[PDB]
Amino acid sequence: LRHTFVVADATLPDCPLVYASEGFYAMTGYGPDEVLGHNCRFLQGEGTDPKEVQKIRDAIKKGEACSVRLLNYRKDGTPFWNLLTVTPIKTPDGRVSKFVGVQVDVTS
């Protein structure tokens, strides 16, 4: 299937993005100049279920994996449905270093 992929840096307190696949830019309508160094939450908007947003926020603090269905918005404002799965990446000493996320547009 069609998917995008991003990398967040968990050694920084707010998990900024540090690498995004070609499709993530092409999908969301954002450029690296507006994406790298920012938390992925810039994709959210009015109809984004605060309950699901909390499932990922909580999962990041605990360092667990997490799969949620969110309502994101492109740069032009048009909504799309994003199936997000974040995976914690730990170092040998168990601490979390990176968060990896596959995003799928399941607007169908």
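One rule holds for the numbers: they count along the sequence shown, beginning at 1.
Look at the C-alpha B-factors of 60-68 and of 23-31. On average they run higher in 60-68. Note on 72-80 vs 33-41: mean CA B-factor is higher in 33-41.
Among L12, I89, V86, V18, the highest C-alpha B-factor in the deposited entry belongs to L12. The deposited CA B-factor of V102 belongs to the lowest third of values across its chain.
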